[PDB]
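Trainee: The structure file query39.pdb (PDB, C-alpha atoms) is provided below.
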ATOM      1  CA  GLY X   1     -30.356   4.349  48.139  1.00  0.00           C
ATOM      2  CA  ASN X   2     -31.207   6.346  45.030  1.00  0.00           C
ATOM      3  CA  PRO X   3     -32.577   9.876  45.513  1.00  0.00           C
ATOM      4  CA  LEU X   4     -36.271  10.606  45.436  1.00  0.00           C
ATOM      5  CA  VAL X   5     -37.099  14.152  44.335  1.00  0.00           C
ATOM      6  CA  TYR X   6     -40.307  16.069  43.668  1.00  0.00           C
ATOM      7  CA  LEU X   7     -41.741  18.717  41.372  1.00  0.00           C
ATOM      8  CA  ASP X   8     -44.941  20.558  42.394  1.00  0.00           C
ATOM      9  CA  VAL X   9     -46.568  21.849  39.209  1.00  0.00           C
ATOM     10  CA  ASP X  10     -49.174  24.540  38.523  1.00  0.00           C
ATOM     11  CA  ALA X  11     -51.096  25.229  35.325  1.00  0.00           C
ATOM     12  CA  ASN X  12     -52.301  28.824  34.972  1.00  0.00           C
ATOM     13  CA  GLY X  13     -51.630  29.405  38.656  1.00  0.00           C
ATOM     14  CA  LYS X  14     -53.560  26.483  40.047  1.00  0.00           C
ATOM     15  CA  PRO X  15     -51.869  23.388  41.452  1.00  0.00           C
ATOM     16  CA  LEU X  16     -51.965  20.109  39.554  1.00  0.00           C
ATOM     17  CA  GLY X  17     -50.134  18.153  42.238  1.00  0.00           C
ATOM     18  CA  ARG X  18     -46.763  16.518  42.686  1.00  0.00           C
ATOM     19  CA  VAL X  19     -44.518  14.448  40.419  1.00  0.00           C
ATOM     20  CA  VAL X  20     -42.103  12.235  42.365  1.00  0.00           C
ATOM     21  CA  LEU X  21     -39.030  10.994  40.514  1.00  0.00           C
ATOM     22  CA  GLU X  22     -36.485   8.294  41.379  1.00  0.00           C
ATOM     23  CA  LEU X  23     -33.005   9.238  40.149  1.00  0.00           C
ATOM     24  CA  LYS X  24     -30.872   6.255  39.113  1.00  0.00           C
ATOM     25  CA  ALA X  25     -27.664   7.403  40.782  1.00  0.00           C
ATOM     26  CA  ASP X  26     -26.463   3.784  40.798  1.00  0.00           C
ATOM     27  CA  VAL X  27     -26.359   3.895  36.974  1.00  0.00           C
ATOM     28  CA  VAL X  28     -25.755   7.588  36.177  1.00  0.00           C
ATOM     29  CA  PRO X  29     -24.425   9.224  39.364  1.00  0.00           C
ATOM     30  CA  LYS X  30     -23.243  12.461  37.730  1.00  0.00           C
ATOM     31  CA  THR X  31     -26.514  13.008  35.865  1.00  0.00           C
ATOM     32  CA  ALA X  32     -28.595  12.113  38.912  1.00  0.00           C
ATOM     33  CA  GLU X  33     -26.587  14.450  41.167  1.00  0.00           C
ATOM     34  CA  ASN X  34     -27.077  17.371  38.783  1.00  0.00           C
ATOM     35  CA  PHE X  35     -30.842  16.915  38.751  1.00  0.00           C
ATOM     36  CA  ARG X  36     -31.019  16.354  42.504  1.00  0.00           C
ATOM     37  CA  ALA X  37     -29.127  19.572  43.279  1.00  0.00           C
ATOM     38  CA  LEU X  38     -31.161  21.573  40.763  1.00  0.00           C
ATOM     39  CA  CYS X  39     -34.313  20.385  42.583  1.00  0.00           C
ATOM     40  CA  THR X  40     -33.003  21.460  45.998  1.00  0.00           C
ATOM     41  CA  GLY X  41     -31.541  24.701  44.652  1.00  0.00           C
ATOM     42  CA  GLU X  42     -28.568  24.209  46.966  1.00  0.00           C
ATOM     43  CA  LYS X  43     -26.017  25.649  44.485  1.00  0.00           C
ATOM     44  CA  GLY X  44     -27.989  28.915  44.306  1.00  0.00           C
ATOM     45  CA  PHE X  45     -29.986  28.138  41.148  1.00  0.00           C
ATOM     46  CA  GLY X  46     -32.307  25.438  39.898  1.00  0.00           C
ATOM     47  CA  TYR X  47     -35.780  24.489  38.823  1.00  0.00           C
ATOM     48  CA  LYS X  48     -37.939  26.375  41.323  1.00  0.00           C
ATOM     49  CA  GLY X  49     -40.140  28.864  39.460  1.00  0.00           C
ATOM     50  CA  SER X  50     -39.324  27.584  35.990  1.00  0.00           C
ATOM     51  CA  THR X  51     -41.618  26.092  33.339  1.00  0.00           C
ATOM     52  CA  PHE X  52     -42.522  23.166  31.114  1.00  0.00           C
ATOM     53  CA  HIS X  53     -41.897  25.024  27.858  1.00  0.00           C
ATOM     54  CA  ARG X  54     -42.165  22.220  25.247  1.00  0.00           C
ATOM     55  CA  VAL X  55     -44.968  19.679  25.613  1.00  0.00           C
ATOM     56  CA  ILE X  56     -46.008  17.352  22.786  1.00  0.00           C
ATOM     57  CA  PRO X  57     -49.026  15.044  23.263  1.00  0.00           C
ATOM     58  CA  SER X  58     -48.215  11.370  22.764  1.00  0.00           C
ATOM     59  CA  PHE X  59     -44.504  12.129  23.093  1.00  0.00           C
ATOM     60  CA  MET X  60     -43.089  13.922  26.146  1.00  0.00           C
ATOM     61  CA  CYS X  61     -43.160  16.907  28.496  1.00  0.00           C
ATOM     62  CA  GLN X  62     -39.940  18.989  28.592  1.00  0.00           C
ATOM     63  CA  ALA X  63     -38.762  21.463  31.237  1.00  0.00           C
ATOM     64  CA  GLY X  64     -35.585  22.647  32.927  1.00  0.00           C
ATOM     65  CA  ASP X  65     -34.648  25.823  31.039  1.00  0.00           C
ATOM     66  CA  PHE X  66     -34.520  27.972  34.140  1.00  0.00           C
ATOM     67  CA  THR X  67     -32.395  30.662  32.480  1.00  0.00           C
ATOM     68  CA  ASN X  68     -34.189  31.416  29.173  1.00  0.00           C
ATOM     69  CA  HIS X  69     -37.514  29.578  29.659  1.00  0.00           C
ATOM     70  CA  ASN X  70     -37.616  28.509  25.993  1.00  0.00           C
ATOM     71  CA  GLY X  71     -35.326  25.582  25.257  1.00  0.00           C
ATOM     72  CA  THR X  72     -32.149  27.525  24.535  1.00  0.00           C
ATOM     73  CA  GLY X  73     -30.821  27.809  28.088  1.00  0.00           C
ATOM     74  CA  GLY X  74     -30.228  26.069  31.369  1.00  0.00           C
ATOM     75  CA  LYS X  75     -26.962  25.158  33.056  1.00  0.00           C
ATOM     76  CA  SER X  76     -25.687  22.252  35.099  1.00  0.00           C
ATOM     77  CA  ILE X  77     -24.160  22.286  38.569  1.00  0.00           C
ATOM     78  CA  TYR X  78     -20.807  21.508  36.927  1.00  0.00           C
ATOM     79  CA  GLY X  79     -20.737  24.234  34.282  1.00  0.00           C
ATOM     80  CA  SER X  80     -22.839  25.106  31.295  1.00  0.00           C
ATOM     81  CA  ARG X  81     -22.890  21.597  29.788  1.00  0.00           C
ATOM     82  CA  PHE X  82     -21.644  18.130  30.692  1.00  0.00           C
ATOM     83  CA  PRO X  83     -21.020  14.849  28.829  1.00  0.00           C
ATOM     84  CA  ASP X  84     -23.369  11.988  28.136  1.00  0.00           C
ATOM     85  CA  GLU X  85     -22.637   9.732  31.099  1.00  0.00           C
ATOM     86  CA  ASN X  86     -23.869   6.497  29.481  1.00  0.00           C
ATOM     87  CA  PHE X  87     -26.867   5.218  27.530  1.00  0.00           C
ATOM     88  CA  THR X  88     -27.464   2.170  29.720  1.00  0.00           C
ATOM     89  CA  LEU X  89     -31.071   2.921  30.732  1.00  0.00           C
ATOM     90  CA  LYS X  90     -33.529   2.874  27.830  1.00  0.00           C
ATOM     91  CA  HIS X  91     -36.632   4.832  26.867  1.00  0.00           C
ATOM     92  CA  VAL X  92     -38.909   1.937  27.719  1.00  0.00           C
ATOM     93  CA  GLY X  93     -42.310   3.569  28.196  1.00  0.00           C
ATOM     94  CA  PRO X  94     -44.340   6.348  29.803  1.00  0.00           C
ATOM     95  CA  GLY X  95     -42.729   7.798  32.911  1.00  0.00           C
ATOM     96  CA  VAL X  96     -39.086   7.673  31.775  1.00  0.00           C
ATOM     97  CA  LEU X  97     -37.044  10.714  32.865  1.00  0.00           C
ATOM     98  CA  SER X  98     -34.319  11.660  30.397  1.00  0.00           C
ATOM     99  CA  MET X  99     -31.992  14.551  29.575  1.00  0.00           C
ATOM    100  CA  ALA X 100     -32.888  16.884  26.730  1.00  0.00           C
ATOM    101  CA  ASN X 101     -29.903  17.978  24.648  1.00  0.00           C
ATOM    102  CA  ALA X 102     -28.655  19.701  21.496  1.00  0.00           C
ATOM    103  CA  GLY X 103     -26.556  16.810  20.272  1.00  0.00           C
ATOM    104  CA  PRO X 104     -23.835  14.648  21.846  1.00  0.00           C
ATOM    105  CA  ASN X 105     -22.447  15.816  25.175  1.00  0.00           C
ATOM    106  CA  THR X 106     -24.719  18.850  25.628  1.00  0.00           C
ATOM    107  CA  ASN X 107     -26.570  18.017  28.845  1.00  0.00           C
ATOM    108  CA  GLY X 108     -27.336  21.081  30.956  1.00  0.00           C
ATOM    109  CA  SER X 109     -30.515  21.243  32.978  1.00  0.00           C
ATOM    110  CA  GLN X 110     -33.296  20.509  30.487  1.00  0.00           C
ATOM    111  CA  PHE X 111     -35.112  17.222  30.920  1.00  0.00           C
ATOM    112  CA  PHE X 112     -38.203  15.437  29.726  1.00  0.00           C
ATOM    113  CA  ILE X 113     -40.738  12.942  31.010  1.00  0.00           C
ATOM    114  CA  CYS X 114     -41.928  10.534  28.340  1.00  0.00           C
ATOM    115  CA  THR X 115     -45.610   9.779  27.839  1.00  0.00           C
ATOM    116  CA  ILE X 116     -44.949   6.878  25.416  1.00  0.00           C
ATOM    117  CA  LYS X 117     -42.046   4.533  24.634  1.00  0.00           C
ATOM    118  CA  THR X 118     -39.549   6.703  22.737  1.00  0.00           C
ATOM    119  CA  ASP X 119     -37.142   4.020  21.561  1.00  0.00           C
ATOM    120  CA  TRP X 120     -35.517   6.146  18.869  1.00  0.00           C
ATOM    121  CA  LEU X 121     -33.954   8.286  21.615  1.00  0.00           C
ATOM    122  CA  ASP X 122     -31.971   5.311  22.950  1.00  0.00           C
ATOM    123  CA  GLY X 123     -28.277   6.049  22.544  1.00  0.00           C
ATOM    124  CA  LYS X 124     -28.991   9.757  22.018  1.00  0.00           C
ATOM    125  CA  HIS X 125     -30.467  10.948  25.341  1.00  0.00           C
ATOM    126  CA  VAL X 126     -29.301   9.911  28.803  1.00  0.00           C
ATOM    127  CA  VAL X 127     -32.105   8.285  30.781  1.00  0.00           C
ATOM    128  CA  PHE X 128     -31.612   8.897  34.488  1.00  0.00           C
ATOM    129  CA  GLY X 129     -34.818   8.025  36.333  1.00  0.00           C
ATOM    130  CA  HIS X 130     -38.543   7.527  36.237  1.00  0.00           C
ATOM    131  CA  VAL X 131     -41.848   8.673  37.715  1.00  0.00           C
ATOM    132  CA  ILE X 132     -42.657   7.035  41.067  1.00  0.00           C
ATOM    133  CA  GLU X 133     -45.892   8.959  41.706  1.00  0.00           C
ATOM    134  CA  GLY X 134     -47.840  11.585  39.778  1.00  0.00           C
ATOM    135  CA  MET X 135     -48.318  10.229  36.290  1.00  0.00           C
ATOM    136  CA  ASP X 136     -51.777  11.824  36.542  1.00  0.00           C
ATOM    137  CA  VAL X 137     -50.026  15.193  36.828  1.00  0.00           C
ATOM    138  CA  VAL X 138     -47.834  14.334  33.834  1.00  0.00           C
ATOM    139  CA  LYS X 139     -50.942  13.446  31.787  1.00  0.00           C
ATOM    140  CA  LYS X 140     -52.484  16.809  32.717  1.00  0.00           C
ATOM    141  CA  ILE X 141     -49.304  18.607  31.590  1.00  0.00           C
ATOM    142  CA  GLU X 142     -49.266  16.573  28.375  1.00  0.00           C
ATOM    143  CA  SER X 143     -52.868  17.593  27.652  1.00  0.00           C
ATOM    144  CA  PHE X 144     -51.774  21.263  27.651  1.00  0.00           C
ATOM    145  CA  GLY X 145     -49.247  20.703  24.868  1.00  0.00           C
ATOM    146  CA  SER X 146     -49.483  20.802  21.095  1.00  0.00           C
ATOM    147  CA  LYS X 147     -47.847  19.278  18.030  1.00  0.00           C
ATOM    148  CA  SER X 148     -45.435  22.262  17.894  1.00  0.00           C
ATOM    149  CA  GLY X 149     -44.611  21.898  21.565  1.00  0.00           C
ATOM    150  CA  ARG X 150     -46.144  25.263  22.461  1.00  0.00           C
ATOM    151  CA  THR X 151     -48.172  25.007  25.656  1.00  0.00           C
ATOM    152  CA  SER X 152     -51.761  26.233  25.950  1.00  0.00           C
ATOM    153  CA  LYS X 153     -51.463  26.884  29.695  1.00  0.00           C
ATOM    154  CA  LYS X 154     -48.528  28.314  31.635  1.00  0.00           C
ATOM    155  CA  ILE X 155     -47.029  25.258  33.363  1.00  0.00           C
ATOM    156  CA  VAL X 156     -44.787  26.174  36.302  1.00  0.00           C
ATOM    157  CA  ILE X 157     -42.689  24.142  38.733  1.00  0.00           C
ATOM    158  CA  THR X 158     -43.656  26.164  41.799  1.00  0.00           C
ATOM    159  CA  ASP X 159     -41.669  24.078  44.297  1.00  0.00           C
ATOM    160  CA  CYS X 160     -39.201  21.231  44.075  1.00  0.00           C
ATOM    161  CA  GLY X 161     -36.773  19.395  46.310  1.00  0.00           C
ATOM    162  CA  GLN X 162     -35.463  16.138  47.674  1.00  0.00           C
ATOM    163  CA  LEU X 163     -37.566  13.644  49.641  1.00  0.00           C
ATOM    164  CA  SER X 164     -34.770  11.109  50.417  1.00  0.00           C
TER     165      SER X 164
END
Here is the file; what I need is its structure written in the form of structure tokens.
Mentor:
Amino acid sequence: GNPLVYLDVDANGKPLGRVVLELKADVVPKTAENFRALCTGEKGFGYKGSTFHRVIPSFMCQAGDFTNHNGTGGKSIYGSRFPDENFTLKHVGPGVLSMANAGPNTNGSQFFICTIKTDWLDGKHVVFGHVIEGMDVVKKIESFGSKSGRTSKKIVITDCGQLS
């Protein structure tokens, strides 16, 4: 079936716990495979040791810039960027996992977990999964954000990988 992956997250060097994500490879196989491989690190790069750099309360928590740590970087397993696969899954509520981007067809490695329904992103960001376990961890992360997105704690993905 669809991959299950995990992110273990610290804030200021102390563990918050684990976020488990289901990747909808049935719907968006290319987007799911990218995220899966960046969690395992099997291509020689990926999310381990990187940060949630942009966190906005009552919106979303964004991570995945493992090259520049600030929203300008990241890369996919295919190359620097890859196309929008489809917009079939929608931003229906808290727990949606979706690709951050810089306009059409600019997916790399940055992603976000919604903490509300973000319907205005439908047709603009590729949704590719959702939180299975660990919304409590997501709410902790969210609480360390700000309106500007700047975090008030250093929020690090210390470990990540594939469960199934």
Trainee: Ranking X:76, X:86, X:70, X:146 by minimum distance to residue 35 (chain X) and counting only C-alpha atoms, which one comes first?
Mentor: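 Closest to residue 35 (chain X), using only C-alpha atoms: X:76.
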Trainee: Which residues, written as a list in words, have at least one atom at most 9 Å from residue 65 (chain X), with all atoms listed in the file counted and residues fewer than 5 positions away on the same chain left out?
Mentor: residues 47, 50, 51, 52, 53, 70, 71, 72, 73, 74, 75, 108, 109, 110 and 111 of chain X
Trainee: Which polymer residues have any atom within 9 Å of an atom of residue 22 (chain X), counting all atoms listed in the file, with same-chain residues fewer than 3 positions away left out, as a PyMOL selection string?
Mentor: chain X and resi 2-6+25+97+128-132
Trainee: Just how far from CA of residue 80 (chain X) is CA of residue 113 (chain X), in Å to one decimal?
Mentor: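 About the pair CA of residue 113 (chain X) and CA of residue 80 (chain X): they are 21.6 Å apart.
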Trainee: Could you expand the PyMOL selection byres ((chain X and resi 117) around 9) into the explicit residues it covers here, written as a CSV table (one decimal) with C-alpha atoms, in the frame of the given file?
Mentor:
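As a result, out_34.csv now contains:
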chain,number,residue,atom,x,y,z
X,59,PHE,CA,-44.5,12.1,23.1
X,91,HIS,CA,-36.6,4.8,26.9
X,92,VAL,CA,-38.9,1.9,27.7
X,93,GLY,CA,-42.3,3.6,28.2
X,94,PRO,CA,-44.3,6.3,29.8
X,95,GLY,CA,-42.7,7.8,32.9
X,96,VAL,CA,-39.1,7.7,31.8
X,114,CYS,CA,-41.9,10.5,28.3
X,115,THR,CA,-45.6,9.8,27.8
X,116,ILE,CA,-44.9,6.9,25.4
X,118,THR,CA,-39.5,6.7,22.7
X,119,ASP,CA,-37.1,4.0,21.6
X,120,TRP,CA,-35.5,6.1,18.9
Trainee: Taking the file as I've supplied it (selection: the PyMOL selection byres ((chain X and resi 85) around 7)), which residues are included? Please answer as a ChimeraX atom specification.
Mentor: /X:28,31,83-84,86
Trainee: Distance CA of residue 42 (chain X)-CA of residue 141 (chain X), one decimal place?
Mentor: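 For CA of residue 42 (chain X) relative to CA of residue 141 (chain X), the distance reads 26.4 Å.
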Trainee: For residue 37 (chain X), which residue among X:106, X:16, X:77, X:87 is the nearest when counting only C-alpha atoms?
Mentor: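 Among the listed residues, the smallest separation from residue 37 (chain X) belongs to X:77.
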Trainee: Between X:161, X:134, X:79, X:149, which is the closest to residue 55 (chain X) once you count all atoms listed in the file?
Mentor: X:149
Trainee: I'd like to know which of X:125, X:18, X:69, X:54 is closest to residue 138 (chain X), using all atoms listed in the file.
Mentor: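 Looking only at the distances to residue 138 (chain X), the closest residue turns out to be X:18.
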Trainee: Find the residues near residue 49 (chain X): any atom within 10 Å, counting all atoms listed in the file, skip ones fewer than 3 places away on the same chain, and give them as an NGL selection string.
Mentor: :X and (9 or 46 or 66 or 155-160)
Trainee: What separation in Å, quoted to one decimal, exists between CA of residue 98 (chain X) and CA of residue 8 (chain X)?
Mentor: 18.3 Å
Trainee: Using all atoms listed in the file, which of X:88, X:58, X:34, X:162 sits nearest residue 145 (chain X)?
Mentor: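 That would be X:58, the residue with the smallest distance to residue 145 (chain X).
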Trainee: Rank nothing, just name the residue among X:100, X:127, X:89, X:39 nearest to residue 62 (chain X), using only C-alpha atoms.
Mentor: X:100
Trainee: Using all atoms of region 98-115 of chain X that appear in the file, construct an axis-aligned enclosing box with 8 Å of padding on every side and provide its centre coordinates and edge lengths in Å, rounded to one decimal, as JSON.
Mentor:
{"center_x": -34.0, "center_y": 15.5, "center_z": 26.6, "size_x": 39.2, "size_y": 27.5, "size_z": 28.7}
